[PDB]
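Starting off, we have a lone chain in the form deposited in one PDB entry, written out as structure tokens.
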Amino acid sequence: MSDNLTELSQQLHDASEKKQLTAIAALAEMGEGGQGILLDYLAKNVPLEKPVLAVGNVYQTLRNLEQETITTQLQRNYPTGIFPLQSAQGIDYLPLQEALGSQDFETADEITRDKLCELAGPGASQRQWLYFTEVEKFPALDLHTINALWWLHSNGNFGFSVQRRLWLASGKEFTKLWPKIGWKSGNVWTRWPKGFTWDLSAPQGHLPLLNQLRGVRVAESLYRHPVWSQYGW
């Protein structure tokens, strides 16, 4: 047992950020010894000064074991998660992190729409859509925090940064991007969203949702926002 653990541990620490995930999955299933190695790795790499996907996968893989002991220990040691919940405008992202850590993407998606409205300010509360002019004025730090959380808790498959990359690969053509991320034309709402896939079986880039009731302008403004380049997304 010790041989594999040592090998797995060495992979987790030193292999390329491509083979780390493989070792994390195996360690999780190596009982207390493997989970212990995962826990020590977190302790040595948290809090994060930059989003590091392996750290998010280590934390989330441990949460996904759904063991009271492990979850409780993680709550005690990382009460606000593994990424500083920074805001430039007094926004509280703890409930968003908590929903993501519990893998409740539907609630995380609702909280995220509520936070973008909170950021937009006055007369956006409870609104089911943003205006592109509100998006252009969002602070970069908050969008970085929101995106980092989505990304770190979805093995890098969810997040506006992911949508933006697919958008760039689509030649910036929304008609090609939408089928790629699973947002069917005409599946738009005025009161509540329906027909989406609020779990990881969804396509890469599927969440967070951007209502297309008003067309592509808000998404374009968001993907063109300076935060992505600014923070290396």
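All residue numbers refer to positions in the sequence shown, first residue = 1. Rigid core here is just the name for the largest C-alpha set that superposes within 1.5 Å across the two forms.
### Query
Among the other entries of this protein that model both neighbours of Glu17, is it absent from at least a third?
Yes, left without coordinates in at least a third.
### Message
Mean Cα B factor from the PDB record: higher for 31-39, or higher for 56-64?
### Response
That would be 31-39.
### Stretch with the higher entry mean CA B-factor, where the candidates are 213-221 and 21-29
Per the PDB record, 21-29.
### Task
Could you check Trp129, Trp150, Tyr78, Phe83 and tell me which one carries the biggest Cα B-factor in the deposited entry?
Of the options given, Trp129 has the highest CA B-factor in the PDB entry.
### Of the residues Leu119, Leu143, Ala108, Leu74, the one carrying the largest Cα B-factor as recorded
Each of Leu119, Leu143, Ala108, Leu74 was compared by C-alpha B-factor; the highest is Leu119.
### Query
Where does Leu166 sit by CA temperature factor within its chain: lowest, middle or highest third?
As the PDB entry reports it, the C-alpha B-factor of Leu166 lands in the lowest third of its chain.
### Message
Which third, lowest, middle or highest, does the C-alpha temperature factor of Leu207 belong to within its own chain?
### Response
Lowest third of the chain for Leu207's C-alpha B-factor.
### Message
Split into thirds by Cα B-factor across the chain's modelled residues, where does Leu48 land: lowest, middle or highest?
### Response
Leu48: CA B-factor falls in the highest third of its chain.
### Query
Where does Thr197 sit by CA temperature factor within its chain: lowest, middle or highest third?
Tercile = middle for this residue's CA B-factor.
### Task
Give the position of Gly123 by CA B-factor within its chain, expressed as the lowest, middle or highest third.
For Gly123, whose C-alpha B-factor we compare with every modelled residue in the chain, the answer is the highest third.
What comes next is about the form solved in complex with a small molecule, which does not appear here.
### Query
Hey, of 164-172, 190-198, 36-44, 54-62, which bit sits against the small molecule in the deposited complex at 4.5 Å between non-hydrogen atoms?
Only one stretch qualifies here: 190-198.
### Task
Report whether the minimum heavy atom distance between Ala219 and the small molecule in the deposited complex is within 4.5 Å.
No, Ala219 stays farther than 4.5 Å from the small molecule in the deposited complex.
### Task
Decide whether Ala23 counts as a contact residue for the small molecule in the deposited complex under a heavy atom distance cut-off of 4.5 Å.
Output for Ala23 is no: heavy atoms all beyond 4.5 Å of the small molecule.
### Task
Give a yes/no on whether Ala15 approaches the small molecule to within 4.5 Å in the deposited complex, heavy atoms considered.
Contact with the small molecule, no.
### Task
May I ask you to check whether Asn211 falls inside a 4.5 Å heavy atom distance of the small molecule in the deposited complex?
Yes.
#### Entry: Out of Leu200, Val188, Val52, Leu65, the residue that alone shifts its CA by 2 Å or more between the shown form and the other one when the rigid core is the reference
It is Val188; the other listed residues stay below 2 Å.
### Query
Taking the rigid core as reference, does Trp129 move its C-alpha 2 Å or further between the shown form and the other one?
Yes; that C-alpha moves by at least 2 Å between the shown form and the other one.
### Query
Once you compare with this form, do the C-alpha atoms of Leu166 and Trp189 lie closer or farther in the deposited complex, given a change of 3 Å or more?
Relative to the displayed form, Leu166 and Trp189 draw closer in the deposited complex - a change of at least 3 Å between their C-alphas.
### Task
Answer with closer or farther for the CA-CA spacing of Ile111 and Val188 in the deposited complex compared to the shown form; it moves by 3 Å or more.
Farther is correct, given that in the deposited complex the C-alpha spacing of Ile111 to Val188 is increased by at least 3 Å.
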